[PDB]
Amino acid sequence: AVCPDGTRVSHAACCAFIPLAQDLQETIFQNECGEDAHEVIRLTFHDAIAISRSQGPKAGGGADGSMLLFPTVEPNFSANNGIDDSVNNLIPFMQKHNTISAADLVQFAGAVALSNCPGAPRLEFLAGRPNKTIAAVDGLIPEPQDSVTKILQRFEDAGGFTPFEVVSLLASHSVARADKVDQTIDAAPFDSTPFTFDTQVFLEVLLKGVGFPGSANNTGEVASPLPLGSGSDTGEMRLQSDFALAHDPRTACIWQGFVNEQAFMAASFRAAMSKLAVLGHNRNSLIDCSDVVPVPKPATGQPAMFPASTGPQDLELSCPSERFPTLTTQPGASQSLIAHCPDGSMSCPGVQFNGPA
Ligand code: HEM
Ligand SMILES: *[C@@H]1O[C@H](CO)[C@@H](O[C@@H]2O[C@H](CO)[C@@H](O)[C@H](O)[C@H]2NC(C)=O)[C@H](O)[C@H]1NC(C)=O
Ligand SMILES: [Ca+2]
Ligand SMILES: [Ca+2]
Ligand SMILES: [Mn+2]
């Protein structure tokens, strides 16, 4: 087909997503892998995972836009703390681009947001999800303090995800920060390159922890290897769950396998996301609008490296059957501060709308 902008799309139904992509970029993303983009990528996951095979349809419909359709319900569950911001930022587009369902909107937005992160893959995007569903039940969102067994069971029950797919999905923590784990500090990065979709997170979680970014008494948080922060440049935080998955016999080798394996990591994430994005739907009933997802930003192609002040001596390895690669170390005696803004500064407030959530 061909859209009113000359763009030759696959199916005429996909044409509506072109104006939406432009509006999302211009209004809330500004073509960067920033705060607003990160929040949306997280929403994509919280919307999709609220489904349960064992409990049945009444428990939740998966990737159905329930967070937007029932804004006063799920956003208020403990495990969803902080999701309100992404919901309120997306509602205005729902009302505007009213030919696209809340569910399609959520998934597409995440695909657009991710394309702003260098190294991220171009996600598959299928459209046609219904604009009607039910509010999900509490307890279907995995938490930081959960054990590996509980986590793996949750993903299996949601959509038959194997442990390999679960680890692959955590590649998103390479462009993630925390605002609610510790209430004394904001935007504490999970890896040293929070604006880059690379393998640093897999490497950095394997390093010995030496301190904490803020308080040392937070549920679901463990010692970080790069806690130093000054002003707005908050230090790195480490989640119990990420730590646990990096050292459990079931997932240890998978986790290590992604260190310095950029192409493998990106492809595995794309694969796992294809499944996640259609939870609660039959993919044979959705149209393929992938050619409408923006081309992602390319990476520089540099290998993973130990950040300044850490080295091979600081690794806590758990995979006995695979050789850890030889990586270089960035020069310096002390830890460098992790930039709060992608441009380098400390002042870069994102757009935020008031809403019902
Ligand atoms: C065992 C599974 C997971 C757990 C327990 C978990 C936990 C968390 C926690 C505690 C935060 C901090 C939020 C805050 O306090 O502000 C976070 C952030 C985030 N997570 Fe996860 N996560 C999991 C899986 C995923 C998956 C599968 C995705 C998506 C594909 C994802 C994407 C994100 C993103 C992008 C953020 C950052 C939001 C921002 O920087 O504003 N997470 N996660
Ligand atoms: C999907 O459902 C939502 C929720 O009912 C619809 O949102 C309304 O859209 C109109 C314009 O079409 C706005 O004036 C309303 O205020 C919206 N309601 C809310 C609560 O936000 C949306 O239009 C529906 N879209 C589709 C494609 O079915
Ligand atoms: Ca949902
Ligand atoms: Ca990163
Ligand atoms: Mn945040």
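Numbers in chain A track Swiss-Prot; the residues on display, in order, are 22-378.
The way this entry was determined, per its header, is X-ray crystallography, 2.0 Å.
Note that Cβ sites are derived from N, Cα and C of the backbone, with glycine treated the same way.
Only one of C340, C362 is recorded by Swiss-Prot as the disulfide partner of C274: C340. Residues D212, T214, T217, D219 are recorded by Swiss-Prot as Ca(2+) 2 binders, and the candidate that the same record lists for that site, out of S193, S195, is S195.
Per Swiss-Prot, the candidate among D200, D203, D254, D263 that belongs to the Mn(2+) site alongside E56, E60 is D200. Taking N97, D200, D212 as the candidate recorded positions, the subset whose CB lies under 6 angstroms from any atom of ligand 5 consists of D200.
Listed in sequence order, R198, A208, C369, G371 are the same-chain residues six or more apart from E56 (Mn(2+) binding site) with CB atoms under 8 A from its CB.
Listed in sequence order, the recorded positions near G83 (Ca(2+) 1 binding site) (C-alpha within 10 Å of its C-alpha) are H67, out of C36, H67, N97, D219, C310. Cβ proximity to the Ca(2+) 2 site centre (mean Cβ of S195, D212, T214, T217, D219, cutoff 8 Å) flags the following additional same-chain residues: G140, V196, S213, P215, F216, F218, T220, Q221, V222. In the shown protein chains, 25 other C-beta atoms lie within 10 A of the C-beta of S87 (Ca(2+) 1 binding site).
Within 10 Å of the Cβ of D212 (Ca(2+) 2 binding site) there are 25 other Cβ atoms, across all protein chains. Here the candidates are the recorded positions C24, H67, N97. The one whose C-alpha lies nearest to that of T214 (Ca(2+) 2 binding site) is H67.
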